[PDB]
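*Asks:* One structure, pasted below without further comment.
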Amino acid sequence: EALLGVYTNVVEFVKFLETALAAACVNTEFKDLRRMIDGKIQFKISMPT
Amino acid sequence: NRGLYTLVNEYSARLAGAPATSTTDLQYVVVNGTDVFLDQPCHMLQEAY
Amino acid sequence: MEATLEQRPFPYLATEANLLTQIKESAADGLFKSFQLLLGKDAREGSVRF
Amino acid sequence: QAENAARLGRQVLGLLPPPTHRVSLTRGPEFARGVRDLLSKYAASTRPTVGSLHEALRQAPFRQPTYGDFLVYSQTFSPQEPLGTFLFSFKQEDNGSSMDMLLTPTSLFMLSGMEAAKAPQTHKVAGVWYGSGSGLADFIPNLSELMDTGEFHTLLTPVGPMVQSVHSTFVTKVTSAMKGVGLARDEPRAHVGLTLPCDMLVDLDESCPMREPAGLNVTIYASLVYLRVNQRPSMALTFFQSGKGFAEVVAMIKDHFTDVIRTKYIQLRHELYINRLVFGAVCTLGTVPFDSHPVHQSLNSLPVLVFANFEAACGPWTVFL
Amino acid sequence: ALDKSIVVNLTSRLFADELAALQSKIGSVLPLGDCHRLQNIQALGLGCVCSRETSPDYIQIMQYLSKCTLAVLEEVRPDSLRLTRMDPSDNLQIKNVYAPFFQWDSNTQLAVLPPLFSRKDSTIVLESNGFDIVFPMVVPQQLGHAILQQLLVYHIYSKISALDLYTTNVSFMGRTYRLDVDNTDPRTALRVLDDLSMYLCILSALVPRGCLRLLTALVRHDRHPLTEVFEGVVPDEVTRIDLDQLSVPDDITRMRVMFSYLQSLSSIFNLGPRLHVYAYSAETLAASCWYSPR
Amino acid sequence: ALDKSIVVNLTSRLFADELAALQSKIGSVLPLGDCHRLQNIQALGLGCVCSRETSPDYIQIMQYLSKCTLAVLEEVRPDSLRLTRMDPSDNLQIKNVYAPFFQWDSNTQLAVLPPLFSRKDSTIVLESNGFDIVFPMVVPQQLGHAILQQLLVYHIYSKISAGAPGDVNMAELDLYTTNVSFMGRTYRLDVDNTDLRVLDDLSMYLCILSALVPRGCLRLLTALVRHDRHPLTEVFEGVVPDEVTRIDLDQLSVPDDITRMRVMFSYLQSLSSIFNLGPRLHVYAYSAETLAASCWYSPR
Amino acid sequence: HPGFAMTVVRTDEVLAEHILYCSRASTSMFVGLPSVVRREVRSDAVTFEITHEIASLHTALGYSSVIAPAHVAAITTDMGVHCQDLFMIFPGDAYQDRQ
């Protein structure tokens, strides 16, 4: 009584950058969240009259 | 009580007013913080259909 | 230690999209946190202090 | 032929306890470069490799329990074993030089003399291991009177699992294990877990969602209940498994042995004997890892549990009531 | 070797209000449920059993306390709490803060207890996250056992009310205090007081006659300091029990079982886990302890 | 990786007569109030608590025991004692040099009890440094939880005779207490007819308990009526004596009963911990011709 | 008919496949560097928790993502009729005569 067909799965790798979800992203490389506390972006809204 | 822009910024992200469980036998009140996906709009109008 | 706001003159960056829409009421009822009005005798690059 | 002994220079000089880390000062600030396993967070990369984390697994914690070498007759201790049983050490008087008596839990059922259907599973199996429950009772003529005053729970020091048994005609060598994880013998690098009969265990954990938190620990206990059947004294043994702390389980064991308290203490309306008032004891048999699945087995049938990664830790026989 | 670091992800940035209470308690103890590196905030505080809108009793809370793992804070970043764990044999840096302040030394003897005096002092509420955080409380074991005394005594006298200077004020030499009892649950406190009937009336079943004969000789004229409780008058009972002639091997059989049941009374006066502290500075307010769940 | 050693220094040397008494042992069990390796002599004995001019005690020793740290000898140099630290769940070696002699066995439970016998059995006076070292009384746990048993009986009847002569017979009391039975063997011990005082404090408690205890259970019975009243508590009327249940609350008003019940359990928890929390170990290998007891320290 | 009429509340659950729009480039992404932490080390299991930390951000000023209930699929609710039982929620409350 022999052995007939001995099979697997092979799972591929779809990363984040190769998707196009990242139009809702701006992907900056960064080195140390183990230092940084918060972030800060500043704006000025000058309104004419 | 607040002006409604915080109500917009609350309704998209946060906990409900103590909502109900899913895939059970009865209706339990939820204590597992992160699985349940619900959005209930019975808050904002504060009525019942 | 938080990350708060102050009124100091950076060389602010010139964006492209307009941002004036609903800011008559968006900062009035908290679209975002920690807005800051400046009226006429205050809408200036205030003097630096350190 | 020293090529044989050159293998012995490998295994012995590699398998030593780690030396006391000591540096003389004239070398200077070099001592901390001999500090390795105190680190934990290693070096991740883009595509790491065995060649990138061979240092991360070269360090290893230092663990070894110690064993108890026993000499047993071929009569108390059965020639067949499932190699992962539980033990005791009966203790009456040091007659022999090295002449030890041991008790498996399947034996200790037959020593008791209780009803059949109170433990229906092993009773068919524990009748072919041993005789009519009297070949062992010939060794202790006090097994009626050890039951009276309540001294039998004082005379048991649990040991834990097994490791090896070389068996001869009359004398059986038993290499037991306390303190932890015994390295196996017939399969190298394996680790002999603890095995319980499915009849003798009674869980305390299991519930419907109705919620209790996890941890690191869950603790096998060991009950021993003096009952009286047919106006004749006879003990009773069960097990437990609950990661719930010592203050809870004593309040939960009493609900399990409710009727056994209810049967006996009706009889003391007309009499009282102060030696009879003691009821039971609980030892601590050690710790089990959290959420390790007890895999069921079967032996000629006999459903037998297993606990991987059991480590042994004995304790005193604290009386309860 | 082993590592422990429990960093706590959090869904909303904190305010400037409750950082300043959490910056104050930079090193403390709070027990969690799920033993992993990442964790939702609805497991950190003790308030999964002790919230406002229940009627918590401090038996079940204390009963809950011995289950969970225990952990020590490291930082408060404005999003992420960062915590470290307590292994079953491990040294660490505990650094006490707790507000009814007691003084420690090296070679002291500690316990972990629920908030038993002022919850509003001991609990901060997190209205920027909804789920509140309830702190436990570390007490030396002489007072760690003394609080549990009157609690088991107060639930008795609350039942016979079916006034307060005697049944609540837990005393230490120098400072008396006040327990926190208005809304408790007298059912699982009753289950502990149930089991005392299963000991205390059985401890009354074998009471030695010679030891009762000694109190027909001690408090009559041979008194002592610690016998002022009787105030110089014998009770009615001891005049009724000691009519029998003594004999030694009667009480030998008796006192061996009295020796045994008092070992069982450990099972009903258990603390949580215990902390054996070996070194304790006094101006840093730091310490050093090996943990043992028991 | 770790290293452990405890080196005790002395101010002066020793007499050559004392070294033979400290080569009587070379491995034994010392308590030690420090965990650090350089230390003056005043903590390794029990003379930190138990001394001659002090009233000797049992409980104030016993509280100090479980707090304390053990350590084991390796060498007696003429100036400094060398010790080996007793880690939690560590295995090391003992020689059973103790007095009065008891025989050990593999697979016994071992409780470290304080000494309560005559001085020459337990202590060694260091005549050089004027300080007394006291050794603890290493007895196996089944014996240690029974060697106290009949001795504590013996102290109670001694207080009976010295106030009332015609109640206790001395031949009955001597024959049944100082002859401890175990293993099939016997051990006659030192009765102390030299004048006791180590074990008043338990008998100071246990009698003052034993009148309060049965009076305390009546109020606990009639204060529990629910349908949560536990079903086993119906039975235990048959255990409690009939004379116990014939007591009114007339003699003791409400403020008196608080001084009972708030104090009742305060004995028991001070009392239950000093029968249980001996720093305890087990011994798994033993040989009488070498006298090598074999610890592994369970911190408790 | 007893002395009073009464209102009734229920709840509901309905599954839905949602269309979520997200406009362009309204989050700047700060991606950290990964690390390996070893723990829960018994004699048979050496467990690693490979971690990685991200700082996210909200660049645009107004709202840059809209969700919408689109496709009904099922009703888990049953919309049944079954009342809530104060004998379960309040077990301690009871009448006087226990018979």
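Going through the structure tokens in order, the chains are called A, B, and so on, while each chain numbers its residues from 1 and the ligands are numbered from 1 in the order shown.
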What residues in chain F lie within 12 Å of chain G, counting only C-alpha atoms, written as a PyMOL selection string?

*Replies:* chain F and resi 226-228

*Asks:* Go ahead and save the picked residues with C-alpha atoms, as a compact mmCIF listing (two decimals), in the first residue's frame.

*Replies:*
```txt
# COMPACT_ATOMS: atom_id res chain seq x y z
CA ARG F 226 -30.32 33.18 55.31
CA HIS F 227 -30.85 30.62 52.62
CA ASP F 228 -27.16 31.12 51.94
```

*Asks:* Any idea what's packed within 12 Å of residue 8 (chain B), counting only C-alpha atoms, ignoring anything in its chain fewer than 4 positions away? Could you give it as number ranges by chain?

*Replies:* B: 2-4, 12-14, 41, 43-44; C: 26, 29-32; G: 62-63, 66

*Asks:* With C-alpha atoms kept, could you save the residues just selected as a tab-separated table (two decimals), in the first residue's frame?

*Replies:*
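Contents of result-v2.tsv, as written:
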```tsv
chain	number	residue	atom	x	y	z
B	2	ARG	CA	-20.32	69.52	23.95
B	3	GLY	CA	-20.37	71.28	20.63
B	4	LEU	CA	-20.92	68.71	18.00
B	12	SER	CA	-15.77	57.44	14.88
B	13	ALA	CA	-13.26	56.00	17.34
B	14	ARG	CA	-14.41	55.28	20.81
B	41	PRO	CA	-26.44	55.40	15.86
B	43	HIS	CA	-26.62	57.64	20.45
B	44	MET	CA	-26.63	60.72	18.27
C	26	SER	CA	-14.71	74.70	13.47
C	29	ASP	CA	-16.84	74.25	18.74
C	30	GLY	CA	-13.72	72.13	18.76
C	31	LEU	CA	-12.98	70.54	15.44
C	32	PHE	CA	-9.49	70.19	16.87
G	62	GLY	CA	-10.90	68.44	8.27
G	63	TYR	CA	-12.10	64.90	7.74
G	66	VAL	CA	-15.88	58.54	5.29
```

*Asks:* Using only C-alpha atoms, determine which residues of chain D fall within 7 Å of chain E; present them as a ChimeraX atom specification.

*Replies:* /D:37-38,40,60-61,213-215,244-247,250,274-275,318-320

*Asks:* Could you please take those selected residues and save N, CA and C atoms as a compact mmCIF listing (two decimals), in the first residue's frame?

*Replies:*
```txt
# COMPACT_ATOMS: atom_id res chain seq x y z
N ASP D 37 23.94 36.40 29.42
CA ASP D 37 22.53 36.04 29.54
C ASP D 37 21.72 37.07 30.32
N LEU D 38 22.37 38.09 30.88
CA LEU D 38 21.63 39.18 31.49
C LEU D 38 20.96 40.05 30.44
N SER D 40 18.51 40.65 27.23
CA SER D 40 17.38 39.94 26.65
C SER D 40 17.07 40.33 25.21
N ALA D 60 21.12 30.11 27.69
CA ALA D 60 20.03 29.24 28.11
C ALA D 60 19.95 29.30 29.62
N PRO D 61 18.75 29.26 30.20
CA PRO D 61 18.65 29.25 31.66
C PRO D 61 19.11 27.93 32.24
N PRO D 213 -9.05 35.62 35.27
CA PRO D 213 -7.85 35.96 34.50
C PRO D 213 -6.81 34.85 34.51
N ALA D 214 -5.86 34.99 33.59
CA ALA D 214 -4.79 34.02 33.38
C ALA D 214 -3.66 34.25 34.37
N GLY D 215 -2.52 33.63 34.11
CA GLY D 215 -1.33 33.84 34.91
C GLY D 215 -0.16 33.03 34.40
N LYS D 244 -5.77 28.94 41.44
CA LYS D 244 -6.69 29.83 42.13
C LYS D 244 -6.24 30.23 43.53
N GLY D 245 -5.06 29.84 43.98
CA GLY D 245 -4.63 30.31 45.28
C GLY D 245 -5.22 29.54 46.44
N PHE D 246 -4.43 29.42 47.51
CA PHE D 246 -4.73 28.51 48.60
C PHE D 246 -5.95 28.94 49.40
N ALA D 247 -6.30 30.22 49.39
CA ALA D 247 -7.45 30.66 50.15
C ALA D 247 -8.76 30.27 49.49
N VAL D 250 -9.55 25.58 49.43
CA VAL D 250 -10.06 25.00 50.68
C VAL D 250 -11.53 25.33 50.86
N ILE D 274 -12.16 11.43 69.91
CA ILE D 274 -11.42 12.61 69.51
C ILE D 274 -10.39 12.28 68.43
N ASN D 275 -9.95 11.03 68.37
CA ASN D 275 -9.10 10.61 67.27
C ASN D 275 -9.83 10.56 65.94
N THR D 318 -1.09 19.88 55.16
CA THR D 318 -1.92 20.76 55.95
C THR D 318 -3.31 20.16 56.09
N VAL D 319 -3.71 19.91 57.33
CA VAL D 319 -5.04 19.39 57.62
C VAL D 319 -6.07 20.44 57.25
N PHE D 320 -7.22 20.00 56.77
CA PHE D 320 -8.40 20.85 56.67
C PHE D 320 -9.54 20.15 57.40
```

*Asks:* Show me, as a CSV table (one decimal) with N, CA, C and O atoms, in the first residue's frame, the residues that have an atom within 10 Å of residue 70 (chain F) when counting only C-alpha atoms, minus same-chain residues fewer than 3 positions from it.

*Replies:*
```
chain,number,residue,atom,x,y,z
F,28,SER,N,26.6,23.0,59.2
F,28,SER,CA,25.3,23.1,59.9
F,28,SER,C,24.5,24.3,59.5
F,28,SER,O,24.9,24.9,58.5
F,29,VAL,N,23.4,24.5,60.1
F,29,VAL,CA,22.4,25.5,59.6
F,29,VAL,C,22.4,26.7,60.6
F,29,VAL,O,22.0,26.6,61.7
F,30,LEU,N,22.9,27.8,60.1
F,30,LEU,CA,22.9,29.0,60.8
F,30,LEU,C,21.8,30.0,60.3
F,30,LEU,O,21.7,30.2,59.1
F,31,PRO,N,21.1,30.6,61.2
F,31,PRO,CA,20.3,31.8,60.8
F,31,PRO,C,21.2,33.0,60.7
F,31,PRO,O,22.3,33.0,61.3
F,32,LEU,N,20.8,34.0,60.0
F,32,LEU,CA,21.7,35.1,59.8
F,32,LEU,C,20.8,36.3,59.3
F,32,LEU,O,20.2,36.3,58.3
F,33,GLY,N,20.9,37.4,60.1
F,33,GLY,CA,20.0,38.6,59.9
F,33,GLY,C,20.4,39.4,58.7
F,33,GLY,O,19.6,40.3,58.3
F,34,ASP,N,21.5,39.2,58.1
F,34,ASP,CA,22.0,39.9,56.9
F,34,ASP,C,22.0,39.0,55.7
F,34,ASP,O,21.9,37.8,55.8
F,35,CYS,N,22.0,39.6,54.5
F,35,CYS,CA,22.3,38.9,53.3
F,35,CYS,C,23.6,39.2,52.7
F,35,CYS,O,23.9,38.7,51.6
F,44,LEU,N,24.6,36.3,63.8
F,44,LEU,CA,24.6,34.9,63.3
F,44,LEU,C,24.0,33.9,64.3
F,44,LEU,O,23.6,32.8,63.9
F,65,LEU,N,12.3,33.9,62.9
F,65,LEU,CA,12.9,32.8,62.1
F,65,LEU,C,12.5,32.9,60.6
F,65,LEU,O,13.4,33.0,59.8
F,66,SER,N,11.2,33.0,60.3
F,66,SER,CA,10.8,33.1,58.9
F,66,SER,C,11.3,34.3,58.2
F,66,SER,O,11.4,34.3,57.0
F,67,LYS,N,11.5,35.4,59.0
F,67,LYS,CA,12.1,36.6,58.4
F,67,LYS,C,13.6,36.4,58.1
F,67,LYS,O,14.1,37.0,57.2
F,83,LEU,N,31.0,31.0,55.4
F,83,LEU,CA,29.7,30.4,55.3
F,83,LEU,C,29.3,30.3,53.8
F,83,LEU,O,29.9,31.0,53.0
F,84,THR,N,28.3,29.4,53.6
F,84,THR,CA,27.7,29.3,52.3
F,84,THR,C,26.3,29.7,52.3
F,84,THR,O,25.6,29.3,53.2
F,85,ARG,N,25.9,30.6,51.4
F,85,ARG,CA,24.6,31.2,51.4
F,85,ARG,C,23.5,30.2,51.0
F,85,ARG,O,23.7,29.3,50.1
F,86,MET,N,22.4,30.2,51.7
F,86,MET,CA,21.3,29.3,51.4
F,86,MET,C,20.3,30.0,50.5
F,86,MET,O,19.4,30.8,50.9
F,87,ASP,N,20.4,29.7,49.2
F,87,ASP,CA,19.5,30.3,48.2
F,87,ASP,C,18.1,29.6,48.3
F,87,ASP,O,18.0,28.5,48.9
F,88,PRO,N,17.1,30.3,47.8
F,88,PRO,CA,15.8,29.6,47.7
F,88,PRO,C,15.9,28.5,46.6
F,88,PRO,O,16.4,28.8,45.5
F,279,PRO,N,10.8,27.9,58.3
F,279,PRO,CA,11.6,27.8,57.2
F,279,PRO,C,12.0,26.3,57.0
F,279,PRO,O,12.7,25.7,57.8
F,297,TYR,N,16.3,24.0,50.1
F,297,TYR,CA,15.6,25.0,50.9
F,297,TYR,C,14.3,25.5,50.3
F,297,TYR,O,14.4,26.1,49.2
F,299,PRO,N,11.7,28.2,50.7
F,299,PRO,CA,11.5,29.4,51.4
F,299,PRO,C,10.0,29.5,51.8
F,299,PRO,O,9.1,29.4,50.9
```

*Asks:* With 10 Å as the limit and counting only C-alpha atoms, what residues in chain B lie close to chain G? Please list them as a list in words.

*Replies:*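 Every residue meeting the condition is included here: residues 8, 9, 12, 19, 20, 21, 22, 23, 26, 27, 38, 39, 40, 42, 48 and 49 of chain B.
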
*Asks:* Distance cut-off 8 Å, counting only C-alpha atoms - which residues of chain B neighbour chain E? Return them as a PDB file with N, CA, C and O atoms, in the first residue's frame.

*Replies:*
```pdb
ATOM      1  N   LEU B  15     -15.499  54.069  22.548  1.00  0.00           N
ATOM      2  CA  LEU B  15     -16.452  53.166  23.151  1.00  0.00           C
ATOM      3  C   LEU B  15     -17.852  53.766  23.053  1.00  0.00           C
ATOM      4  O   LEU B  15     -18.032  54.980  22.950  1.00  0.00           O
ATOM      5  N   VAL B  31     -17.126  43.292  27.630  1.00  0.00           N
ATOM      6  CA  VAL B  31     -15.961  43.622  28.446  1.00  0.00           C
ATOM      7  C   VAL B  31     -14.646  43.360  27.724  1.00  0.00           C
ATOM      8  O   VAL B  31     -13.627  43.997  28.047  1.00  0.00           O
ATOM      9  N   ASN B  32     -14.617  42.473  26.728  1.00  0.00           N
ATOM     10  CA  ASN B  32     -13.507  42.371  25.795  1.00  0.00           C
ATOM     11  C   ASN B  32     -13.421  43.683  25.040  1.00  0.00           C
ATOM     12  O   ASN B  32     -14.331  44.029  24.285  1.00  0.00           O
ATOM     13  N   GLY B  33     -12.339  44.422  25.264  1.00  0.00           N
ATOM     14  CA  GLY B  33     -12.234  45.748  24.685  1.00  0.00           C
ATOM     15  C   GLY B  33     -12.060  45.729  23.180  1.00  0.00           C
ATOM     16  O   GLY B  33     -12.714  46.490  22.464  1.00  0.00           O
ATOM     17  N   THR B  34     -11.181  44.867  22.676  1.00  0.00           N
ATOM     18  CA  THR B  34     -10.852  44.873  21.253  1.00  0.00           C
ATOM     19  C   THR B  34     -11.156  43.519  20.629  1.00  0.00           C
ATOM     20  O   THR B  34     -10.263  42.696  20.427  1.00  0.00           O
TER      21      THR B  34
END
```

*Asks:* Apply DSSP to the backbone of this structure and, from chain G, keep only the residues in strand (DSSP E); write these as a ChimeraX atom specification.

*Replies:* /G:14-22,28-31,38-39,47-48,54-55,65-75

*Asks:* To one decimal place in Å, what is the distance between CA of residue 112 (chain F) and CA of residue 278 (chain F)?

*Replies:*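 Answer for the CA of residue 112 (chain F) to CA of residue 278 (chain F) separation: 6.0 Å.
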
*Asks:* Within 12 Å of residue 34 (chain A), counting only C-alpha atoms, which residues qualify if same-chain residues fewer than 2 places away don't, as a ChimeraX atom specification?

*Replies:* /A:30-32,36-38 /E:7,77,80,82 /G:31-35,52-55

*Asks:* Kindly export the residues of the current selection with C-alpha atoms, as a PDB file, in the first residue's frame.

*Replies:*
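File written: again.pdb
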```pdb
ATOM      1  CA  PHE A  30      12.285  56.501  11.057  1.00  0.00           C
ATOM      2  CA  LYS A  31      14.888  55.252  13.486  1.00  0.00           C
ATOM      3  CA  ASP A  32      13.911  55.605  17.156  1.00  0.00           C
ATOM      4  CA  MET A  36      10.487  60.113  20.712  1.00  0.00           C
ATOM      5  CA  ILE A  37       7.547  61.116  22.912  1.00  0.00           C
ATOM      6  CA  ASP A  38       5.077  62.946  20.661  1.00  0.00           C
TER       7      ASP A  38
ATOM      8  CA  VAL E   7       3.889  48.214  27.528  1.00  0.00           C
ATOM      9  CA  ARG E  77       4.413  58.446  28.396  1.00  0.00           C
ATOM     10  CA  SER E  80       1.764  54.359  26.400  1.00  0.00           C
ATOM     11  CA  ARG E  82       5.198  51.044  30.382  1.00  0.00           C
TER      12      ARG E  82
ATOM     13  CA  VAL G  31       7.832  53.306  10.908  1.00  0.00           C
ATOM     14  CA  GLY G  32      10.256  52.169  13.598  1.00  0.00           C
ATOM     15  CA  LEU G  33      12.769  49.350  13.581  1.00  0.00           C
ATOM     16  CA  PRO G  34      11.940  45.807  14.702  1.00  0.00           C
ATOM     17  CA  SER G  35      13.303  43.982  17.718  1.00  0.00           C
ATOM     18  CA  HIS G  52       7.710  46.884  16.054  1.00  0.00           C
ATOM     19  CA  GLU G  53       6.403  50.355  16.873  1.00  0.00           C
ATOM     20  CA  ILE G  54       4.725  52.947  14.653  1.00  0.00           C
ATOM     21  CA  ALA G  55       3.920  56.631  15.066  1.00  0.00           C
TER      22      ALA G  55
END
```

*Asks:* Give me the residues near residue 176 (chain D) as a ChimeraX atom specification, where near means some atom within 12 Å (using only C-alpha atoms) and where sequence neighbours in that chain fewer than 4 positions away do not count.

*Replies:* /D:65-72,83-89,102,158-166,180-185,192-194,312 /F:284

*Asks:* What separation in Å, quoted to one decimal, exists between CA of residue 122 (chain F) and CA of residue 95 (chain F)?

*Replies:*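 One can read the CA of residue 122 (chain F) to CA of residue 95 (chain F) distance as 15.6 Å.
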
*Asks:* When you look at residue 196 (chain F) with a cut-off of 12 Å (counting only C-alpha atoms), what residues show up, excluding the ones that are within fewer than 5 positions of it in the same chain? I need them as a VMD selection string.

*Replies:* chain F and resid 55 to 58 115 to 118 148 151 to 159 190 to 191 201 to 203

*Asks:* For a quick test of understanding: name the residues of chain E lying within 9 Å of chain C when counting only C-alpha atoms, and present them as a list in words.

*Replies:*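 In the required form, that comes to residues 15, 16, 19, 76, 77 and 78 of chain E.
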
*Asks:* Could the residues in this selection be written to a file with N, CA and C atoms, as a PDB file, in the first residue's frame?

*Replies:*
```
ATOM      1  N   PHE E  15      -4.878  63.676  28.874  1.00  0.00           N
ATOM      2  CA  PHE E  15      -4.932  65.112  29.094  1.00  0.00           C
ATOM      3  C   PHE E  15      -3.695  65.545  29.871  1.00  0.00           C
ATOM      4  N   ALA E  16      -3.705  66.772  30.364  1.00  0.00           N
ATOM      5  CA  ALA E  16      -2.703  67.211  31.319  1.00  0.00           C
ATOM      6  C   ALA E  16      -3.159  67.020  32.751  1.00  0.00           C
ATOM      7  N   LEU E  19      -2.118  62.868  33.864  1.00  0.00           N
ATOM      8  CA  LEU E  19      -0.703  62.539  33.836  1.00  0.00           C
ATOM      9  C   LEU E  19      -0.061  62.886  35.170  1.00  0.00           C
ATOM     10  N   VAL E  76       5.331  56.907  32.533  1.00  0.00           N
ATOM     11  CA  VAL E  76       4.048  57.293  31.952  1.00  0.00           C
ATOM     12  C   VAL E  76       4.386  58.213  30.784  1.00  0.00           C
ATOM     13  N   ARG E  77       4.480  57.653  29.607  1.00  0.00           N
ATOM     14  CA  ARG E  77       4.413  58.446  28.396  1.00  0.00           C
ATOM     15  C   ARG E  77       2.947  58.807  28.150  1.00  0.00           C
ATOM     16  N   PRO E  78       2.657  59.924  27.459  1.00  0.00           N
ATOM     17  CA  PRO E  78       1.264  60.410  27.414  1.00  0.00           C
ATOM     18  C   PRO E  78       0.306  59.507  26.663  1.00  0.00           C
TER      19      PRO E  78
END
```

*Asks:* Provide the CA of residue 134 (chain D) to CA of residue 103 (chain D) distance in Å, to one decimal place.

*Replies:* 14.4 Å

*Asks:* Quick one: residues within 7 Å of residue 20 (chain D), only C-alpha atoms counted, chain neighbours fewer than 3 positions away excluded, as a list in words?

*Replies:*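 Surrounding residues, per the criterion: residues 1, 2 and 3 of chain F.
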
*Asks:* Just need the residues of chain C within 12 Å of chain A, counting only C-alpha atoms, so spit them out as number ranges by chain.

*Replies:* C: 1-15, 17-24, 27, 34-40, 43-45

*Asks:* For those residues, write C-alpha atoms to a file as a PDB file, in the first residue's frame.

*Replies:*
```
ATOM      1  CA  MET C   1       5.526  65.883  29.793  1.00  0.00           C
ATOM      2  CA  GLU C   2       3.084  67.017  27.131  1.00  0.00           C
ATOM      3  CA  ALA C   3       3.637  68.702  23.763  1.00  0.00           C
ATOM      4  CA  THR C   4       1.938  72.082  23.986  1.00  0.00           C
ATOM      5  CA  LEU C   5       1.462  75.186  21.844  1.00  0.00           C
ATOM      6  CA  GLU C   6       3.274  78.505  21.723  1.00  0.00           C
ATOM      7  CA  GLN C   7       3.101  81.567  19.516  1.00  0.00           C
ATOM      8  CA  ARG C   8       6.564  81.896  18.261  1.00  0.00           C
ATOM      9  CA  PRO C   9       7.576  82.961  14.753  1.00  0.00           C
ATOM     10  CA  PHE C  10       8.685  79.948  12.792  1.00  0.00           C
ATOM     11  CA  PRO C  11       9.112  80.488   9.095  1.00  0.00           C
ATOM     12  CA  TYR C  12       5.787  78.773   8.416  1.00  0.00           C
ATOM     13  CA  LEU C  13       5.465  76.799   5.211  1.00  0.00           C
ATOM     14  CA  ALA C  14       3.316  77.840   2.262  1.00  0.00           C
ATOM     15  CA  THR C  15       0.897  75.025   1.467  1.00  0.00           C
ATOM     16  CA  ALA C  17      -4.973  73.937  -0.447  1.00  0.00           C
ATOM     17  CA  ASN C  18      -7.188  76.545   1.134  1.00  0.00           C
ATOM     18  CA  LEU C  19      -8.056  75.984   4.769  1.00  0.00           C
ATOM     19  CA  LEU C  20     -10.566  78.742   5.509  1.00  0.00           C
ATOM     20  CA  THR C  21     -13.655  76.557   5.163  1.00  0.00           C
ATOM     21  CA  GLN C  22     -15.828  76.368   8.318  1.00  0.00           C
ATOM     22  CA  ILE C  23     -13.064  77.870  10.511  1.00  0.00           C
ATOM     23  CA  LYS C  24     -15.617  80.477  11.531  1.00  0.00           C
ATOM     24  CA  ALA C  27     -12.344  76.205  16.013  1.00  0.00           C
ATOM     25  CA  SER C  34      -6.175  73.738  21.582  1.00  0.00           C
ATOM     26  CA  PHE C  35      -7.019  76.382  19.033  1.00  0.00           C
ATOM     27  CA  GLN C  36      -5.913  79.972  19.572  1.00  0.00           C
ATOM     28  CA  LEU C  37      -7.688  83.118  18.468  1.00  0.00           C
ATOM     29  CA  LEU C  38      -5.671  86.206  17.688  1.00  0.00           C
ATOM     30  CA  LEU C  39      -7.391  89.539  17.177  1.00  0.00           C
ATOM     31  CA  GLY C  40      -6.067  92.681  15.536  1.00  0.00           C
ATOM     32  CA  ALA C  43      -2.154  88.952  15.260  1.00  0.00           C
ATOM     33  CA  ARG C  44       1.590  89.444  15.076  1.00  0.00           C
ATOM     34  CA  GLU C  45       4.828  87.530  15.223  1.00  0.00           C
TER      35      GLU C  45
END
```

*Asks:* What residues in chain F lie within 8 Å of chain D, counting only C-alpha atoms, written as a list in words?

*Replies:* residues 1, 2, 3, 107, 108, 109, 142, 183, 184, 232, 235, 238, 239, 284 and 285 of chain F

*Asks:* Could you write out that same residue set with C-alpha atoms as an mmCIF file, in the first residue's frame?

*Replies:*
```cif
data_model
loop_
_atom_site.group_PDB
_atom_site.id
_atom_site.type_symbol
_atom_site.label_atom_id
_atom_site.label_comp_id
_atom_site.auth_asym_id
_atom_site.auth_seq_id
_atom_site.Cartn_x
_atom_site.Cartn_y
_atom_site.Cartn_z
ATOM 1 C CA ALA F 1 27.137 32.910 37.017
ATOM 2 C CA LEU F 2 26.182 34.050 40.503
ATOM 3 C CA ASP F 3 28.537 33.844 43.470
ATOM 4 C CA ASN F 107 12.475 11.621 52.558
ATOM 5 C CA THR F 108 11.593 13.315 55.808
ATOM 6 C CA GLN F 109 10.173 16.794 56.168
ATOM 7 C CA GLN F 142 6.835 15.243 61.923
ATOM 8 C CA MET F 183 9.243 5.462 64.401
ATOM 9 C CA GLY F 184 8.869 2.651 66.922
ATOM 10 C CA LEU F 232 -22.831 21.594 56.551
ATOM 11 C CA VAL F 235 -24.686 19.129 61.225
ATOM 12 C CA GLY F 238 -23.878 17.612 67.171
ATOM 13 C CA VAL F 239 -20.197 18.438 67.606
ATOM 14 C CA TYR F 284 16.473 13.088 49.896
ATOM 15 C CA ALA F 285 19.676 11.180 50.725
#
```
